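To start, the structure itself, in structure tokens.
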Amino acid sequence: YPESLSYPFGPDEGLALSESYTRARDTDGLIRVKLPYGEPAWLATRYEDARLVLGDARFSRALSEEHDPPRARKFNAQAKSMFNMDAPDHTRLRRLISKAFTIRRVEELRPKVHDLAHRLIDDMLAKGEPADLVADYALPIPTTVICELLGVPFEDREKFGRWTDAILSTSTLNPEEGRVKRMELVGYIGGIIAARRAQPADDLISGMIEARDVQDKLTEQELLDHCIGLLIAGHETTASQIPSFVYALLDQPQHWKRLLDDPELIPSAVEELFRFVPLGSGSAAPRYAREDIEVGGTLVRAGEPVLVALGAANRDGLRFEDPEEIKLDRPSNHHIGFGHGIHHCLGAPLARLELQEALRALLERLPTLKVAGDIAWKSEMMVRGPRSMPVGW
Ligand code: HEM
Ligand SMILES: CCCC[C@H]1CC[C@]2(CC[C@H](C)[C@@H](C/C=C(C)/C=C/[C@H](O)[C@@H](C)/C=C/C(=O)O)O2)O[C@H]1/C=C/C(C)=C/C(=O)O
């Protein structure tokens, strides 16, 4: 075992990845990391190693329960979500929920997201520069979508935004905030669930309630924890990615310009930005080896955790030529920005649609878009990206 390195590596600001990732990915075998909490772990940074750990069934998410897992947050809720499980329980839960999220299902949302984006832009223009691209655009878009899909009132977004912020915090200042704010959110969601039981609506929460109450296909806690997981993943991810994508395109303005000239390139460009633009401030959730297994030149013994550095793997020059360059037309772009295998992002079709429409509207309406102040990047959070992003035009 190599001496453990402190992790996460950072940085928080901009789109760079720490040189420590490059060094690790260049080095034979896996490296060892120690996070603020839990046991030390292996870190996988090469593309092939990442995909083995994420997609080979000899690695487990469920086994985490037998451990004090490597992590940046003190509280481990051990939620009953599909993401914390292996087959067959993962399969059961995903099978029920995924119908709401397929390309085929979410496509009807495209004009709705399009129209919302344009209305938000109308409002930014009416006010006058500067706008905050986060508060005025990037946050409302995905929040509106997940609220309407799940059945969580958009009017409550200040409340649940506060809880989300606390739950995502990796700050040692007030280390109990995540745990107690999750309790607040649990009570809130419980209230919504009770409302829908008394009177169902055309939303995913009501659908899951039927799956449990009528079909006995999931437990009460599974129901609760999927409401929570989907609400948070449903908005915070996209809300971070929109401004980061825009920053990438404006920071190297040849890319913004190419998309102005060639809007048909938007889907390809969005894939390249999912490859390049980091979402996590640190790695994928740990996977535990079920049995001894060789990974990237290292024997990972049964019971040992491996963290997958998605962002670093996405810049593996063994797989992606000129990996540190954005190439909007990059071919066979099978990045792992949405993961890979069993826990591949359920929200990927929705995220893709959201990012495509968010960029399309800004490119159409604000071709002269520019950063117009200090970008406050999220710091000491599970996610990376601008918290506020002053823009002009
Ligand atoms: C830019 C937007 C998004 C990105 C980059 C993203 C990224 C990811 C990644 C990398 C994973 C796998 C993590 C791992 O294996 O350790 C994942 C899983 C997941 N994501 Fe997304 N996500 C995004 C948006 C969304 C949205 C809108 C939803 C909708 C609620 C969502 C729901 C989920 C769920 C339920 C899983 C777990 C799937 C499973 O365990 O089978 N995500 N996401
Ligand atoms: C519904 C299940 C969604 C889970 C994915 C969300 C997206 C993503 C992309 C890669 C990133 C490195 C992580 C960052 C972590 C996030 C967004 C955590 C959110 C929060 O903990 C949600 C899932 C809370 C659930 C709860 O039950 O409290 O997030 O990866 C996944 C989250 C991994 C986590 C929380 C790993 C961990 O905690 O070790």
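All Cβ positions, even for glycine, are placed from backbone atoms using ideal geometry, and neighbour counts span all protein chains on display. Just so you know, all these numbers are worked out from the coordinates, no wet-lab data involved.
Could you identify which residue out of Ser379, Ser81, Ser332 has the top mean-square fluctuation in a GNM of the chain using Cα springs shorter than 10 Å?
Top of the fluctuation ranking is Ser332.
For a 18 Å ceiling on Cα separation, which of these pairs sit above it: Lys80/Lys217; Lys127/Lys370; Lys80/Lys378; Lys327/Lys378; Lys112/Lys257?
The answer is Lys80/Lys378; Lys327/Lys378; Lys112/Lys257.
Can you list residues from other chains, or at least 5 along the same chain, whose modelled amide H is less than 5 Å from the amide H of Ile31?
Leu43
In the range 289-369, which trypsin sites (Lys or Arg not before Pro) are in a loop and have at most 16 other Cβ atoms within 10 Å, using DSSP for the loop call?
Sites meeting the loop and neighbour criteria: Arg290, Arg301.
Residue-wise, which Karplus ³J(HN,Hα) couplings in Hz belong to the range 379-393, taking 6.51 cos²θ - 1.76 cosθ + 1.60, θ = phi - 60°, and x for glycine or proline?
Values, residue by residue: 10, 6, 10, 5, 10, 10, x, x, 7, 9, 8, x, 10, x, 6 Hz.
Select from the chain the helices, each a whole stretch of DSSP H, whose alpha-carbon atoms run 27 Å or more along the helix axis and whose Kyte-Doolittle mean is at least -0.5; answer none if there are none.
177-198, 220-251
With θ taken as phi - 60° and the coefficients 6.51, -1.76 and 1.60, list the Karplus ³J(HN,Hα) couplings across the range 320-336 in order, rounded to whole Hz; mark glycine and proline as x.
10, 4, 6, x, 8, 9, 7, 10, 5, 9, 4, x, 5, 8, 8, 6, 10
Where does each of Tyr7, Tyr1, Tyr247, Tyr37 land when they are ranked from fewest to most other beta-carbon atoms within 10 angstrom?
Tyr1, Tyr37, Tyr247, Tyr7
Hey, rough spin-label estimate for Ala201 and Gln221, points 7 angstrom out along Cα→Cβ, what's it come to in nanometres?
Here the modelled spin labels are 2.8 nm apart.
Quickly rank 214-225, 139-150 as a protection proxy: mean count of other C-beta atoms within 10 Å, highest first.
The packing order, highest mean first, is 139-150, 214-225.
Run the numbers on the chain and let me know its relative contact order in percent, using alpha-carbon pairs under 8 Å that are six or more apart.
Relative contact order, the chain: 29 percent.
Could you go through the range 64-71 in sequence order and give the Karplus-derived ³J(HN,Hα) for each residue, using 6.51 cos²θ - 1.76 cosθ + 1.60 with θ = phi - 60°, rounded to whole Hz, and x for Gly and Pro?
Whole-Hz 3J(HN,Hα) from phi for the range 64-71: 3, 4, 7, 9, 9, x, x, 5.
For a quick check: sort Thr238, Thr45, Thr22 by the number of other beta carbons within 10 angstrom, fewest at the front.
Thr22, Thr238, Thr45
Amide H to amide H under 5 Å from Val300: which residues, 5+ apart in sequence or cross-chain, H placed 1.01 Å off N in plane?
Amide H neighbours of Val300, under 5 Å, 5+ apart: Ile293, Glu294, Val295.
Please tell me the relative contact order of the range 216-322 in percent, rounded to the nearest whole number, where contacts are Cα pairs under 8 Å and at least six residues apart.
After rounding, I find 19 percent.
Would you mind working out the magnitude of the charge dipole of the chain relative to its Cα centre, with +1 at each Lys and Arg C-beta and -1 at each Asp and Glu C-beta, to the nearest 20 Debye?
Roughly 500 debye, rounded to the nearest 20.
Out of the range 1-94, which GluC sites (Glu not before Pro) are coil in DSSP terms and have no more than 13 other C-beta atoms within 10 Å?
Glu3, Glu13
Only counting other Cβ atoms within 10 Å, I'd like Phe83, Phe245 sorted with the fewest neighbours first.
Ranking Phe83, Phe245 by Cβ neighbours within 10 Å, fewest first, gives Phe83, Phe245.
Compute the label zone of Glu66 within the range 291-325: residues whose backbone N is under 14 Å from the point 7 Å along Cα-to-Cβ.
Of the residues in the range 291-325, 291-293, 301-306 have backbone N under 14 Å from the label point off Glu66.
Report, to two decimal places, the Cα Rg of the chain normalised by 2.2 N^0.38 Å (N = number of residues).
0.97
If the label point is 7 Å along Cα→Cβ of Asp56, which residues in the range 13-45 have backbone nitrogen under 15 Å from it?
29-31, 42-45, by backbone N distance to the label point.
Mind checking which of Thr368, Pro140, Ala24 is farthest towards the positive end of the chain's charge dipole, using Cβ charges of +1 (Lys, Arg) and -1 (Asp, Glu) about the Cα centre?
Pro140
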